[PDB]
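data34.txt follows (compact mmCIF, C-alpha atoms):
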# COMPACT_ATOMS: atom_id res chain seq x y z
CA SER N 1 0.00 0.00 0.00
CA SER N 2 1.18 3.47 -0.93
CA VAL N 3 0.22 6.93 0.26
CA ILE N 4 0.34 9.84 -2.22
CA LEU N 5 2.07 12.92 -0.77
CA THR N 6 1.73 16.61 -1.59
CA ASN N 7 4.87 18.77 -1.58
CA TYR N 8 4.35 22.28 -0.21
CA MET N 9 7.34 24.60 -0.82
CA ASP N 10 9.79 21.73 -0.23
CA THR N 11 9.21 22.07 3.53
CA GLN N 12 5.96 20.21 4.21
CA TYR N 13 5.21 16.76 2.81
CA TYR N 14 1.76 15.47 3.61
CA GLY N 15 -0.78 12.84 2.64
CA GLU N 16 -4.41 12.13 3.50
CA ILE N 17 -5.95 9.86 6.10
CA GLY N 18 -9.59 9.28 6.94
CA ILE N 19 -10.87 9.09 10.52
CA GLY N 20 -14.31 7.94 11.65
CA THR N 21 -17.53 6.74 10.02
CA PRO N 22 -18.28 8.38 7.70
CA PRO N 23 -14.60 9.28 7.08
CA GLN N 24 -13.45 12.76 8.08
CA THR N 25 -10.43 13.72 5.94
CA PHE N 26 -7.16 15.19 7.26
CA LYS N 27 -3.85 16.28 5.79
CA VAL N 28 -1.02 14.81 7.83
CA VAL N 29 2.77 14.66 7.85
CA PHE N 30 4.30 11.21 8.39
CA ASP N 31 7.04 11.67 10.98
CA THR N 32 9.65 9.05 11.86
CA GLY N 33 10.75 11.38 14.65
CA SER N 34 7.61 10.94 16.78
CA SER N 35 5.20 8.11 17.58
CA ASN N 36 1.75 9.60 18.23
CA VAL N 37 -1.14 10.30 15.84
CA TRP N 38 -3.05 13.60 16.18
CA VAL N 39 -5.45 15.92 14.37
CA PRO N 40 -7.21 19.13 15.43
CA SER N 41 -10.40 18.58 17.46
CA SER N 42 -13.84 20.12 17.07
CA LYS N 43 -13.52 20.77 20.81
CA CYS N 44 -10.67 23.22 20.18
CA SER N 45 -11.64 26.77 21.21
CA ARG N 46 -11.95 28.96 18.14
CA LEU N 47 -9.80 31.46 20.07
CA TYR N 48 -6.96 29.31 18.72
CA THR N 49 -6.92 30.74 15.21
CA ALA N 50 -4.97 27.68 13.96
CA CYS N 51 -8.09 25.68 14.79
CA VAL N 52 -10.20 28.07 12.73
CA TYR N 53 -7.84 27.38 9.79
CA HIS N 54 -7.75 23.56 9.84
CA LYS N 55 -10.00 20.52 9.46
CA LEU N 56 -11.41 19.60 12.89
CA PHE N 57 -12.30 16.06 13.98
CA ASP N 58 -15.85 15.92 15.31
CA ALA N 59 -16.46 12.79 17.36
CA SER N 60 -20.21 13.44 17.48
CA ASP N 61 -20.35 12.78 13.72
CA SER N 62 -18.65 9.36 13.88
CA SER N 63 -20.50 6.17 14.81
CA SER N 64 -17.28 4.17 15.15
CA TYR N 65 -15.77 6.59 17.69
CA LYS N 66 -14.71 5.24 21.09
CA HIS N 67 -14.19 7.65 24.01
CA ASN N 68 -11.09 7.57 26.23
CA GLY N 69 -10.38 11.13 27.31
CA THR N 70 -6.85 10.77 28.65
CA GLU N 71 -5.06 14.11 28.52
CA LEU N 72 -1.88 14.38 26.47
CA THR N 73 0.65 16.98 25.45
CA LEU N 74 2.98 16.53 22.48
CA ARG N 75 6.21 18.54 22.43
CA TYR N 76 7.99 19.00 19.10
CA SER N 77 11.15 20.97 18.27
CA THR N 78 9.21 23.90 16.79
CA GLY N 79 6.03 23.76 18.84
CA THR N 80 3.59 22.06 21.17
CA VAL N 81 0.04 20.69 20.98
CA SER N 82 -2.20 19.48 23.76
CA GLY N 83 -5.52 17.64 23.93
CA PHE N 84 -6.96 14.24 24.78
CA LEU N 85 -6.99 10.67 23.48
CA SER N 86 -9.73 9.09 21.35
CA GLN N 87 -10.12 5.89 19.36
CA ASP N 88 -11.67 5.39 15.95
CA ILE N 89 -11.03 3.72 12.64
CA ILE N 90 -8.31 5.31 10.55
CA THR N 91 -7.96 4.81 6.81
CA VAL N 92 -4.40 5.12 5.52
CA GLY N 93 -3.42 4.26 1.97
CA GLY N 94 -6.21 1.72 1.66
CA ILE N 95 -5.51 0.00 4.97
CA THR N 96 -8.07 0.26 7.78
CA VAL N 97 -6.96 0.15 11.42
CA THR N 98 -8.54 0.95 14.76
CA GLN N 99 -6.27 3.53 16.32
CA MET N 100 -5.87 5.60 19.47
CA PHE N 101 -5.02 9.16 18.51
CA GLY N 102 -4.96 12.62 19.97
CA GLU N 103 -7.76 15.16 19.55
CA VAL N 104 -5.95 18.50 19.88
CA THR N 105 -7.73 21.37 21.67
CA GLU N 106 -4.74 23.72 22.07
CA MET N 107 -2.79 24.55 18.94
CA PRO N 108 -0.68 27.76 18.98
CA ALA N 109 -0.99 30.20 16.06
CA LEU N 110 2.79 30.11 15.77
CA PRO N 111 3.72 27.83 14.26
CA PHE N 112 0.47 26.09 13.27
CA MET N 113 -1.04 28.96 11.30
CA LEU N 114 1.89 28.32 8.94
CA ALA N 115 1.02 24.62 8.65
CA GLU N 116 -0.50 23.38 5.40
CA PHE N 117 -1.23 20.06 7.09
CA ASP N 118 -3.79 19.50 9.84
CA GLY N 119 -2.02 16.86 11.90
CA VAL N 120 0.75 14.31 12.27
CA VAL N 121 1.05 10.54 12.05
CA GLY N 122 3.98 9.30 14.12
CA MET N 123 5.98 6.57 12.40
CA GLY N 124 8.39 6.10 15.30
CA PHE N 125 8.57 3.24 17.82
CA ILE N 126 6.26 2.76 20.79
CA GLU N 127 9.21 3.47 23.12
CA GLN N 128 8.89 7.16 22.21
CA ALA N 129 5.09 7.30 22.18
CA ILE N 130 3.59 9.71 24.68
CA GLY N 131 1.06 8.07 26.99
CA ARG N 132 2.22 4.66 25.75
CA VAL N 133 -0.27 4.69 22.88
CA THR N 134 0.31 1.93 20.32
CA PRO N 135 1.75 3.57 17.16
CA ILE N 136 -0.22 3.23 13.93
CA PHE N 137 2.47 1.15 12.24
CA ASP N 138 2.49 -1.41 15.03
CA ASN N 139 -1.29 -1.70 14.67
CA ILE N 140 -1.04 -2.27 10.91
CA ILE N 141 1.66 -4.90 11.39
CA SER N 142 -0.58 -6.68 13.91
CA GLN N 143 -3.03 -7.27 11.05
CA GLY N 144 -0.43 -9.39 9.29
CA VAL N 145 -1.29 -8.07 5.84
CA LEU N 146 1.96 -6.33 4.87
CA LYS N 147 4.49 -8.40 2.93
CA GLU N 148 7.32 -6.78 4.91
CA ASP N 149 7.60 -4.99 8.26
CA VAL N 150 9.05 -1.93 6.53
CA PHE N 151 7.92 1.46 5.16
CA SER N 152 9.62 3.76 2.62
CA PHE N 153 9.75 7.50 1.88
CA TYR N 154 10.14 9.26 -1.44
CA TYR N 155 10.20 13.07 -1.32
CA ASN N 156 10.15 14.79 -4.73
CA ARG N 157 11.61 18.18 -5.63
CA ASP N 158 9.29 21.18 -5.28
CA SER N 159 8.30 21.26 -8.97
CA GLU N 160 4.74 22.40 -9.75
CA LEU N 161 3.73 13.78 -7.53
CA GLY N 162 4.92 15.57 -4.40
CA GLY N 163 6.17 12.40 -2.75
CA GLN N 164 5.21 8.89 -1.70
CA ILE N 165 5.16 6.51 1.24
CA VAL N 166 4.98 2.79 0.78
CA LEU N 167 3.68 0.65 3.60
CA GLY N 168 5.05 -2.88 3.31
CA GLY N 169 8.02 -2.32 1.00
CA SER N 170 9.75 0.01 -1.46
CA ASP N 171 8.97 1.38 -4.90
CA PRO N 172 11.74 0.53 -7.44
CA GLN N 173 10.27 3.30 -9.58
CA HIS N 174 11.72 6.01 -7.33
CA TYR N 175 15.25 4.79 -6.60
CA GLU N 176 18.21 3.26 -8.41
CA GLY N 177 21.33 1.33 -7.54
CA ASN N 178 20.89 -0.80 -4.44
CA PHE N 179 20.19 -0.05 -0.82
CA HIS N 180 22.97 0.28 1.71
CA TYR N 181 21.81 -0.33 5.25
CA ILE N 182 22.97 1.03 8.57
CA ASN N 183 21.84 -0.75 11.73
CA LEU N 184 19.88 1.25 14.28
CA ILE N 185 21.88 2.18 17.34
CA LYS N 186 18.94 0.83 19.34
CA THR N 187 15.30 -0.19 18.79
CA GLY N 188 12.78 2.46 19.77
CA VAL N 189 14.41 5.24 17.74
CA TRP N 190 15.09 5.72 14.03
CA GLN N 191 18.57 6.97 14.92
CA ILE N 192 21.86 5.78 13.43
CA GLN N 193 25.58 6.20 13.94
CA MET N 194 27.23 8.79 11.69
CA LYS N 195 30.98 8.34 11.17
CA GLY N 196 31.57 11.93 10.11
CA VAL N 197 30.50 15.07 8.26
CA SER N 198 32.68 16.77 5.66
CA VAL N 199 32.41 20.21 4.05
CA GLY N 200 34.29 20.78 0.82
CA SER N 201 37.81 19.59 1.55
CA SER N 202 38.05 19.27 5.35
CA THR N 203 36.15 16.71 7.47
CA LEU N 204 36.00 19.34 10.21
CA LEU N 205 32.76 18.02 11.69
CA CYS N 206 31.47 15.07 13.72
CA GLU N 207 35.04 13.82 14.03
CA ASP N 208 35.14 10.80 16.35
CA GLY N 209 31.52 10.06 15.41
CA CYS N 210 28.05 11.36 16.28
CA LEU N 211 24.34 10.50 15.96
CA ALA N 212 21.95 10.93 13.03
CA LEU N 213 18.18 10.83 13.52
CA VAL N 214 16.52 9.95 10.18
CA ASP N 215 13.55 12.26 10.45
CA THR N 216 10.88 12.35 7.71
CA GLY N 217 9.01 15.02 9.69
CA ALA N 218 11.89 17.46 9.71
CA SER N 219 12.01 19.92 6.84
CA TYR N 220 15.75 20.31 7.03
CA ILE N 221 19.03 18.65 7.88
CA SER N 222 19.94 19.82 11.38
CA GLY N 223 22.91 19.72 13.70
CA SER N 224 23.60 21.03 17.19
CA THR N 225 24.24 24.74 17.58
CA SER N 226 28.00 24.17 17.85
CA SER N 227 28.19 21.92 14.82
CA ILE N 228 26.12 24.20 12.61
CA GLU N 229 28.12 27.27 13.64
CA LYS N 230 31.25 25.56 12.32
CA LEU N 231 29.58 24.23 9.17
CA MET N 232 28.12 27.65 8.42
CA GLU N 233 31.34 29.57 9.09
CA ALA N 234 32.90 27.24 6.55
CA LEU N 235 30.13 28.15 4.10
CA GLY N 236 30.41 31.90 4.57
CA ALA N 237 26.77 32.00 5.67
CA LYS N 238 25.27 34.65 7.97
CA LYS N 239 23.03 33.66 10.85
CA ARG N 240 19.54 35.05 11.37
CA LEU N 241 16.82 34.44 13.96
CA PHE N 242 15.41 31.24 12.44
CA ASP N 243 17.90 30.28 9.72
CA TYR N 244 21.15 30.88 7.86
CA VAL N 245 21.46 32.82 4.62
CA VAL N 246 24.01 33.42 1.94
CA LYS N 247 24.02 36.12 -0.74
CA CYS N 248 22.20 34.41 -3.60
CA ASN N 249 24.89 35.03 -6.22
CA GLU N 250 27.11 32.70 -4.18
CA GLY N 251 24.70 29.83 -3.67
CA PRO N 252 25.96 27.86 -6.70
CA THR N 253 29.54 28.28 -5.44
CA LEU N 254 28.94 26.65 -2.05
CA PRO N 255 30.92 23.41 -1.48
CA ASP N 256 29.54 19.89 -1.23
CA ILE N 257 28.46 18.63 2.18
CA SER N 258 28.96 14.90 2.77
CA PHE N 259 27.57 12.57 5.43
CA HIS N 260 29.45 9.37 6.25
CA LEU N 261 26.84 6.71 7.03
CA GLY N 262 27.55 3.01 7.43
CA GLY N 263 30.66 3.01 5.28
CA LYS N 264 29.13 5.09 2.48
CA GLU N 265 29.45 8.80 1.69
CA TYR N 266 26.14 10.61 1.13
CA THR N 267 26.89 13.86 -0.64
CA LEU N 268 24.79 16.95 -1.17
CA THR N 269 25.64 19.66 -3.70
CA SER N 270 24.79 23.32 -3.09
CA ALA N 271 21.83 22.91 -5.46
CA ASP N 272 20.65 20.25 -3.00
CA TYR N 273 20.71 22.42 0.13
CA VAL N 274 20.22 26.05 -0.87
CA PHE N 275 16.88 27.60 -1.79
CA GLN N 276 18.19 29.21 -4.98
CA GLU N 277 15.46 31.87 -5.27
CA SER N 278 17.51 34.18 -7.50
CA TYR N 279 21.15 34.93 -8.32
CA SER N 280 21.37 38.60 -7.31
CA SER N 281 24.07 39.74 -4.91
CA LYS N 282 21.52 42.14 -3.44
CA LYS N 283 19.34 39.27 -2.22
CA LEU N 284 19.57 36.65 0.49
CA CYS N 285 18.96 32.96 -0.07
CA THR N 286 18.12 30.57 2.80
CA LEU N 287 19.85 27.22 3.32
CA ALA N 288 18.02 23.95 3.99
CA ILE N 289 20.36 23.21 6.90
CA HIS N 290 19.48 24.51 10.35
CA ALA N 291 20.68 24.49 13.93
CA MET N 292 18.48 22.41 16.20
CA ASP N 293 19.34 21.25 19.69
CA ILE N 294 17.45 18.03 20.25
CA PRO N 295 17.24 17.17 24.00
CA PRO N 296 18.26 13.85 25.65
CA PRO N 297 17.99 10.98 25.67
CA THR N 298 17.49 11.09 21.88
CA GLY N 299 19.79 14.08 21.50
CA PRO N 300 22.19 15.72 21.08
CA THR N 301 22.05 14.53 17.47
CA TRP N 302 21.98 15.59 13.84
CA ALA N 303 18.61 15.26 12.06
CA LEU N 304 18.35 14.11 8.44
CA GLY N 305 15.08 15.51 7.13
CA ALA N 306 13.53 16.32 3.75
CA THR N 307 16.66 18.06 2.46
CA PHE N 308 18.42 14.69 2.75
CA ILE N 309 15.51 12.40 1.87
CA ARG N 310 14.89 14.33 -1.38
CA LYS N 311 18.29 13.07 -2.53
CA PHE N 312 18.08 9.59 -1.03
CA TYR N 313 15.07 7.29 -1.12
CA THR N 314 14.77 5.97 2.44
CA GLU N 315 13.54 2.59 3.71
CA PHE N 316 12.78 2.04 7.39
CA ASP N 317 13.08 -1.66 8.25
CA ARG N 318 11.26 -2.66 11.44
CA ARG N 319 12.00 -6.38 11.06
CA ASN N 320 15.77 -5.85 11.10
CA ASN N 321 16.06 -2.55 13.01
CA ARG N 322 17.95 -0.93 10.14
CA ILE N 323 17.65 1.96 7.72
CA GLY N 324 18.48 1.74 4.04
CA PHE N 325 19.44 4.47 1.61
CA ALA N 326 19.44 4.49 -2.19
CA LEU N 327 19.80 7.21 -4.83
CA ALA N 328 16.38 8.79 -5.40
CA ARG N 329 15.06 8.70 -8.96

Turn the structure described in the file into structure tokens.
Amino acid sequence: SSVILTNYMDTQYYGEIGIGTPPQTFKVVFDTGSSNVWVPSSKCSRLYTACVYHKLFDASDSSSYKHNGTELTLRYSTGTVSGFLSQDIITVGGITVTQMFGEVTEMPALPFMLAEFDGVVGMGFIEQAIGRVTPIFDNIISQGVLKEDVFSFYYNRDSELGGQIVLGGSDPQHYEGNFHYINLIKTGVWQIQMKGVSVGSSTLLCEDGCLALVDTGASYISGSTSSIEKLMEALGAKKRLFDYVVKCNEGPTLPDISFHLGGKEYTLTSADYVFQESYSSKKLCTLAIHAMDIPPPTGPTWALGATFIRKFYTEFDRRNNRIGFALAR
């Protein structure tokens, strides 16, 4: 089974899921960095403008809904949502599963007013699930219908298909060459060992090793504040409140950035990480690499998001606790 994804400005990749009977439709991001499912709730005060601007789940319109009510708060890197748990049937890519998910009643304008999607579907392990709620992928596996306990992500370039998730395998149509796997450091987290990060000609980063969280829900490739400061200084980039910029005319001149993973070098060109909006020296162009301090126990750690996945088709293998990469087609 595959899920068709929409690509919004190269920063938000989302697909549709249906909740309830009759189905209530929601745009959601599939995030390997978290493990809970959530959508905005009809019980969310309209004082939260983000709730006024998104699809709201109304339990009183679903005959398959099952009440629970346990309160839950979900804390992400860029924001927080709070609400309560509910159960209902969820349709994802043709598969139907009963699932416990969050009905959000508090959703801050910043950053959710800037969200194209309505909610999130955690693709992480149950070990990271808040409130110990069984993750949707564990529930699907329990049905014993998938041919493989693995799911794969394909994120297309902005263009204007936006992207695609395959539940149960991989799509040969969107990758070439063969996969090269890296074993997970531990079950419970889609995190892997990274042997090093090189910029141009000088592996001046992640010497002695570091961690890499393969995060489909992250728009960019991120590193700790210290690591990014070095990487950026090397790039000649200036720091701003929420990102790093470079004078556009110099975007094409930026050096390659490479990521040593499992005995293979994964290299990005400047075209791969800079939002080349123009070429003027009087304009600033943002970079798809940010500074993000991810808290323990998962962090500190680098995060390989869309910027990376766009270049490399990614397969998450639950049966063998490994992650595979292959050149995206």

Quiz item: Hey, can you pull every residue with an atom no more than 9 Å from (18.0, 3.0, -3.7), using only C-alpha atoms, and send it as a PyMOL selection string?
Solution: chain N and resi 172+174-180+312-315+324-329

Selection export as a PDB file, in the coordinates of the input, atoms kept: C-alpha atoms:
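Printed below is part-v2.pdb as written:
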ATOM      1  CA  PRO N 172      11.740   0.530  -7.440  1.00  0.00           C
ATOM      2  CA  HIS N 174      11.720   6.010  -7.330  1.00  0.00           C
ATOM      3  CA  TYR N 175      15.250   4.790  -6.600  1.00  0.00           C
ATOM      4  CA  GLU N 176      18.210   3.260  -8.410  1.00  0.00           C
ATOM      5  CA  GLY N 177      21.330   1.330  -7.540  1.00  0.00           C
ATOM      6  CA  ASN N 178      20.890  -0.800  -4.440  1.00  0.00           C
ATOM      7  CA  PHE N 179      20.190  -0.050  -0.820  1.00  0.00           C
ATOM      8  CA  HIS N 180      22.970   0.280   1.710  1.00  0.00           C
ATOM      9  CA  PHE N 312      18.080   9.590  -1.030  1.00  0.00           C
ATOM     10  CA  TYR N 313      15.070   7.290  -1.120  1.00  0.00           C
ATOM     11  CA  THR N 314      14.770   5.970   2.440  1.00  0.00           C
ATOM     12  CA  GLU N 315      13.540   2.590   3.710  1.00  0.00           C
ATOM     13  CA  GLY N 324      18.480   1.740   4.040  1.00  0.00           C
ATOM     14  CA  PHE N 325      19.440   4.470   1.610  1.00  0.00           C
ATOM     15  CA  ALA N 326      19.440   4.490  -2.190  1.00  0.00           C
ATOM     16  CA  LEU N 327      19.800   7.210  -4.830  1.00  0.00           C
ATOM     17  CA  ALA N 328      16.380   8.790  -5.400  1.00  0.00           C
ATOM     18  CA  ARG N 329      15.060   8.700  -8.960  1.00  0.00           C
TER      19      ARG N 329
END

Practice problem: Write out as an NGL selection string each polymer residue whose atoms come within 10 Å of residue 317 (chain N), counting only C-alpha atoms; drop sequence neighbours fewer than 6 positions from it. | Solution: :N and (148-152 or 168-169 or 181 or 183-184 or 190 or 323-324)

Exercise. Point out the residue among N:245, N:110, N:167, N:140 with the least atom-to-atom distance to residue 277 (chain N), counting all atoms listed in the file.
Key: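 Under the stated criterion, the closest residue is N:245.
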
Quiz item: Looking at only C-alpha atoms, which of N:188, N:83, N:251, N:15 is the one that sits closest to residue 276 (chain N)?
Solution: N:251

Quiz item: Neighbours of residue 137 (chain N) within 10 Å (all atoms listed in the file; same-chain residues fewer than 2 positions away dropped), as a list in words?
Solution: residues 35, 97, 99, 121, 122, 123, 124, 125, 126, 134, 135, 139, 140, 141, 142, 149, 150, 151, 167 and 318 of chain N

Practice problem: Measure the distance from CA of residue 197 (chain N) to CA of residue 77 (chain N) in Å and round it to one decimal. | Solution: 22.6 Å

Self-check item: Nearby residues (all atoms listed in the file) at most 7 Å from region 268-270 of chain N, same-chain spacing under 5 positions excluded, as a PyMOL selection string
Solution: chain N and resi 251-252+254-258

Self-check item: Option closest in space to residue 88 (chain N), from N:63, N:198, N:32, N:267 [counting all atoms listed in the file]
Solution: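 The answer is N:63, which sits nearest to residue 88 (chain N).
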
Practice problem: Kindly indicate which residue among N:303, N:39, N:232, N:294 lies nearest to residue 212 (chain N), using all atoms listed in the file for the distances. | Solution: N:303
